[PDB]
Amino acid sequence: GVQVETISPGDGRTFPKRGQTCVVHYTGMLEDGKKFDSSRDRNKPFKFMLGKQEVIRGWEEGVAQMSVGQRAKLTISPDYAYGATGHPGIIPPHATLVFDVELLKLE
């Protein structure tokens, strides 16, 4: 599933609701720890609507547990990410994914 390990705490009271747009900054890594993507390096937060299934299951469920302001490490097993298929061109089959995600704002 998805594990959430806090880096820096959020407000502990404002949690994303389905239908809201989560605004975040993230870095993604495979098990070797190497960065394969980063919104921070583009200096532009990434946005997604919780519940629209436009991000992997680990992200919908992991970010849903965070509060605004929280920065956490999300460790996602393959079944909650790309499974046996992977995402051709960047994530191989059977990949556990680790993301550093900071929930910046809700819109």
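Position 1 is the first residue in the sequence shown; the rest follow in order. Rigid core: the largest C-alpha set superposing within 1.5 Å between the two forms.
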Checklist outcome for this item: With the rigid core as the fit reference, the stretch showing the greater C-alpha departure in 4 other deposited structures of this protein, 27 to 35 or 57 to 65, is 27 to 35
Checklist outcome for this item: Top-deviation stretch by C-alpha RMS in 4 other deposited structures of this protein (rigid core reference), from 11 to 19, 84 to 92, is 84 to 92
Checklist entry - With respect to the recorded C-alpha B factors, which stretch has the higher mean value, 8 to 16 or 93 to 101? => result 8 to 16
Next on the checklist: Tell me which stretch has the larger mean Cα B-factor in this entry, 40 to 48 or 23 to 31.
Outcome noted: 40 to 48
Checklist entry - Looking at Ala64, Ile56, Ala72, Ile76, which has the highest Cα B-factor in the entry? => result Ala64
